[PDB]
């Protein structure tokens, strides 16, 4: 009966969303386009036009429905588990795969190494009116 891992293991043939929309092919132009910049789990087989959850969306399996941004829908499977609602700072995956730099200067441009240090304050050891309130709140 019920379906674990919010659909991450699903291999069924369900090809219609919850608004009754027909799933487009994973392999179609408009779908490959919308997938370029996303981070899919390779384990998850993008077969035909079947609702999968490749990106671990905790809402569950979905599929492209048209080609413009937002043109996707979820699909009704019987999940055992409503995903455990993690807090804002919990379950935060790792980004490194290695201040330290994250981006590539060729495409990003300059400024990363220098980011977030303000020339009229942190460069000149001047506090701003309110920044006290922030640093006060970070103790507890």
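Positions refer to the first chain, counted from 1.
The stretch of deposited sequence separating residue 98 from residue 99 contains 10 or more residues lacking coordinates in this entry. Between 118-126 and 14-22, it is 118-126 that carries the larger average Cα temperature factor according to the deposited entry.
Taking only CA atoms, the mean B-factor in the PDB entry is higher for 89-97 than for the other of 89-97 and 42-50. Take 80, 63, 34, 77 and read off each C-alpha B-factor from the entry; 80 has the highest.
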